[PDB]
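Everything on this sheet refers to the single structure shown next.
Heavy-atom basis, side chains included; hydrogens, waters and symmetry copies ignored. Starting from 1, each residue takes its place in the sequence as its number. Just so you know, ligand 1 is whichever comes first in the structure, and atom 1 is the first atom listed for that ligand.
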Amino acid sequence: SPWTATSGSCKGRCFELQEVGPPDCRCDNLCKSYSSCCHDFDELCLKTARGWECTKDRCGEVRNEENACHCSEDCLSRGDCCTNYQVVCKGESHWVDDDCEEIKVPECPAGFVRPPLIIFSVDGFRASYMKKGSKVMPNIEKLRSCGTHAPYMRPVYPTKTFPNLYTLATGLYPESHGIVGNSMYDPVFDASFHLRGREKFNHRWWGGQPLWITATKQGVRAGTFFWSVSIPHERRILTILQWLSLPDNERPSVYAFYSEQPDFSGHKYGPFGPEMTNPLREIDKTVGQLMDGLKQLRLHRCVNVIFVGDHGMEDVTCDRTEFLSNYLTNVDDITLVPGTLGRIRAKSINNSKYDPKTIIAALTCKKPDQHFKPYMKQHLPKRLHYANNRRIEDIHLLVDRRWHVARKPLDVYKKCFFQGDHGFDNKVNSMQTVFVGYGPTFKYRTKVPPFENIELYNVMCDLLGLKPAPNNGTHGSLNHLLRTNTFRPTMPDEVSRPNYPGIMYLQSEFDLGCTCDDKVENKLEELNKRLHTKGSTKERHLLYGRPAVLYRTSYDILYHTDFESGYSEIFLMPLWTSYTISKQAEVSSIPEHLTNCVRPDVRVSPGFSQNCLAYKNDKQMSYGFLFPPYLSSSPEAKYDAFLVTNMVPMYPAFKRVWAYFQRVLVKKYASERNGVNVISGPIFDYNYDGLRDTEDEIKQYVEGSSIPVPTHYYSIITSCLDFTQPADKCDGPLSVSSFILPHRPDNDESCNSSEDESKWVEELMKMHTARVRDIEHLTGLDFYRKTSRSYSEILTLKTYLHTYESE
Ligand SMILES: *[C@@H]1O[C@H](CO)[C@@H](O[C@@H]2O[C@H](CO)[C@@H](O[C@@H]3O[C@H](CO[C@H]4O[C@H](CO)[C@@H](O)[C@H](O[C@H]5O[C@H](CO)[C@@H](O)[C@H](O)[C@@H]5O[C@H]5O[C@H](CO)[C@@H](O)[C@H](O)[C@@H]5O)[C@@H]4O)[C@@H](O)[C@H](O[C@H]4O[C@H](CO)[C@@H](O)[C@H](O)[C@@H]4O[C@H]4O[C@H](CO)[C@@H](O)[C@H](O)[C@@H]4O)[C@@H]3O)[C@H](O)[C@H]2NC(C)=O)[C@H](O)[C@H]1NC(C)=O
Ligand SMILES: N#Cc1cc(Cl)cc2c1C[C@@H](Nc1ncc(C(=O)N3CCC34COC4)cn1)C2
Ligand SMILES: [Ca+2]
Ligand SMILES: [Ca+2]
Ligand SMILES: [K+]
Ligand code: NA
Ligand SMILES: [Zn+2]
């Protein structure tokens, strides 16, 4: 390691805020972790004498600087009283014993320019501990009941510690901030990141801009967020309280506490082992020390406190391990990053025999109850946002909750007794964690719906008056947590205006190789057809306004009896198709005579249309329709569903999924939700960056054509939250579920796909559930432009994820 001159001194420097560089010895809260503290750091900065609590006998003692904390009359002015000083010595109450009283305005001491923010972060604090441990956590239960709380907060994938803490700090997905696991190899650096050792302290791992840097760059001082493991929790609290006693111009406005518990014990004992009660009690006692200490400093109605976890904890035992050696012939030629997720790469880049395709195949649906599923990273559910980083191996194993994956059996017993772990898919209930906000800027006695931890950075910025660095939150989506300091964004400006084409082409101008048995012949209904094509039913089918197109392109709005679309002249297909299905709608067949019907659209030039010949010649690719012919309002309207402008390229394997969605599931949802509005369309994300591809990024076309092949198909399914009102006459808040289905040429993902669609398609769709915001990123469209609802409410709706977990 680098040389440090430990012969310097921490006198007058204990828990200094500014870092000093090698070779200078350190006195900060992380110095122990770098083995670089000055020789007298323990003696001066980690005093322990007489413990952490005042007692009657110590009240008004002569100050003894040796003591861990003080009970002398000068201690409040020095800022170093034991947290219970005023209770024991001055007849005050513990904070927890005081009634909840609304904090309508900050009540801060003179010299405080803004309410400080204290983040109280807890590792492995599973969401359900707030109910199941409530009898042993009175301080936490008071924060929860009196402040603003969610029933749970969704972590990021993988549900590991450093990825989640750093997402809290940055607002970024792991793929963007770079901490993609607790273990990583970076092929460009040729460097490895591990929990143990020095490499993880190198700045090149840590991307984005974390909150303490955002603060500092904008003139807001920060406490150092990382605490060496051996610093007792009592000392971390005392350190924060001492910093809060610094002069105004020296004093931070943002702070973080961290606890390794309950994660540490949860690994040993399982999430609900009897041994878990004590760690929860201890954390609660720490919270009480903080709050008593704030009360002493007259800050308990001034500071905003966030109580937040990184991830939950699941029951996992050594016996529930899958071994790759039971699947692969070649297990010595791979490197596996193991555990609650798998990542596989070649052991040697000089091995020309390594082949990811044969590895995937050998891992796919090989054992009936197989407890992991292999994916190429681009095929992972888009909601995980887990692909666009060179540190993420191409081959990924999604491991079932309660299981591990390992390379060989000896890997498990050459080192177990553990009973808990985490890392699984971030929709899994056991992985959910906690959020409580308490203070003047948060709401009083308020429950908010579950939300994702990527959203918190923005809020913490709002709490501190900071402009957030660019991040993956949706700023304004959490305004409903806040009494004040809301962020009031404007809707993005539409970049491309639509064309509204009329009838401009004769049938014979088209030479598309299409056919349709549609030659059948009325002045009464002549006018009706013309009205429908000029948009007379658009209010029924486009319920929340046209989506706005946020990039430069050429597209047409096309109206029909049963659906409206925004048709791209560049991609030769809709960007979006919008239609409403009432609870009373009937499903019908595709008539025998229309099975292979495709019809030219006389509003759209031959040159801006798909053609049927390309599909005939492309022996791998077929086609489907975005507005489903099955849900036509009448036999005559059904002809509109067969327009070439409603056609999209679909692999036969995918058509099985799509047809079941369209013929069975849409009507099921309309029945259950009292009507639904559906917006469906293609997505192109060939570079797996979560963002709309430009034309030049497209890697596959329908053979012999310029018709690009989507990587995914989306649908956004909206109805009235009050399901006593039909989707098309909803006066209040909305309810949404969405999906982003991978457009794959096989159903290998679905191990039961040989069975009828009723046994597997809906399961696939649930796995590929999505937020509206995910679709916005992937399409460059902006939805819900014209509703009766507040914009912040709509932002919340766009971040909603339908998870399909139990309670
Ligand atoms: C979630 O939120 C985040 C944040 O808003 C979104 O990420 C942004 O998306 C942008 C598009 O993908 C991306 O913009 C690019 O930035 C390039 C330079 O970036 C550097 O500087 C910024 C600013 O300080 C910094 O944040 C970057 O940090 C990344 O890289 C470092 C390593 O150096 C990492 O430590 C860090 O974690 C982060 O890595 C992540 O992003 C990079 C991409 O930058 C990925 O590769 C990583 O895997 C990881 O995900 C950088 O230090 C900039 O140079 C780009 O400009 C090109 O594009 C335009 C397009 O027209 C073109 O005109 C330009 O000429 C240029 O092209 C030329 O270079 C091409 C690339 O080599 C070349 O092929 C061409 O031929 C051209 O010569 C571009 O603007 C932005 O960096 C990230 N920011 C972050 C923090 O990740 C993210 O999209 C959101 N996610 C979702 C789903 O919404
Ligand atoms: N990023 C981030 C972030 C974001 C928020 Cl909102 C709060 C906090 C954080 C960070 C956290 N402090 C914290 N985390 C981990 C550790 C830890 O593990 N350490 C220190 C040495 C070892 C490495 O192995 C043992 C210590 N301290 C408090
Ligand atoms: Ca953790
Ligand atoms: Ca893309
Ligand atoms: K074909
Ligand atoms: Na299958
Ligand atoms: Zn852990």
Atom 3 (C) of ligand 1 has as its nearest protein heavy atom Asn472 ND2, 3.6 Å

Please confirm whether the ring centroid of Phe739 lies under 6.0 Å from the ring centroid of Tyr713.
no

Please determine whether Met621 has a backbone or side-chain N, O or S atom lying under 3.4 Å from the K ion (ligand 5).
yes

Please report which non-hydrogen protein atom sits nearest to atom 4 (C) of ligand 1, along with the residue it belongs to and the distance in Å to one decimal place.
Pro470 O, 3.6 Å

Do the non-hydrogen side-chain atoms of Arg383 and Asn426 ever get within less than 4.5 Å of each other?
yes

Find, among atoms of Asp618 that are N, O or S, the one nearest to the K ion (ligand 5), and state its name.
O

Please find out if the K ion (ligand 5) and some N, O or S atom of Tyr615 are separated by less than 3.4 Å.
yes

Which class fits the ring pair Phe225 and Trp212: parallel under 30°, tilted 30 to 60°, perpendicular over 60°?
tilted

Can you confirm whether the side chains of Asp123 and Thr161 place a donor and an acceptor under 3.5 Å from each other?
yes

Could you check whether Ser230 and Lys32, counting side-chain N and O atoms only, form a donor-acceptor pair closer than 3.5 Å?
no

Under 4.0 Å from atom 25 (C) of ligand 1, do we find at least one protein heavy atom?
no

Hey, would you say the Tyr258 and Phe226 ring centroids sit under 6.0 Å apart?
no

Return a yes/no value for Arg390: is any of its N or O atoms, backbone included, closer than 3.5 angstrom to an N or O of ligand 1?
no

In ligand 1, which numbered atoms sit nearer than 4.0 Å to a non-hydrogen atom of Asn388?
47 (C), 48 (O), 49 (C), 50 (O)

Counting heavy atoms not belonging to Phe418, are there more than 12 under 6.0 Å from its CZ?
yes

Using protein heavy atoms only, decide if any is under 4.0 Å from atom 58 (O) of ligand 1.
no

Is the distance between the ring centroids of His422 and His267 less than 6.0 Å?
yes

Taking 4.0 Å as the limit for heavy-atom contacts, which would you say applies to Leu691 with ligand 1: side chain only, backbone only, both, or neither?
side chain

If you draw the axis of the six-membered ring of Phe189, does the NZ or CZ of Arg390 fall within 45° of it and under 6.0 Å from the ring centre?
yes

List the steps and the verdict of salt bridge (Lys or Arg N to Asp or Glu O under 4.0 Å) for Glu199 and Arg204.
CA-CA 10 Å; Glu199 184 55 40; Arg204 71 191 169 176; 2.9 Å; yes

Of all the non-hydrogen atoms in the protein, which one sits nearest to atom 36 (C) of ligand 1, and at what distance?
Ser176 O, 3.7 Å

Atoms in ligand 1 flagged as close to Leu172, the criterion being non-hydrogen separation under 4.0 Å
2 (O), 3 (C), 4 (C)

Please tell me if the side chains of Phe684 and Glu695 come closer than 4.5 Å, counting only heavy atoms from C-beta onward.
no

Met573 and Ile707: which non-hydrogen atoms are nearest, and at how many Å?
CE-CG2, 4.0 Å

Within less than 3.0 Å of the Ca ion (ligand 3), the count of protein N, O or S atoms comes to 4

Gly207 heavy atoms within 4.0 Å reach ligand 1 at atoms 35 (O), 36 (C), 37 (O)

If we count only non-hydrogen protein atoms and require a distance under 4.0 Å, does atom 49 (C) of ligand 1 qualify as touching the protein?
yes

Using ring centroids (six-membered ring only for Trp), state whether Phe487 and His475 fall under 6.0 Å.
yes

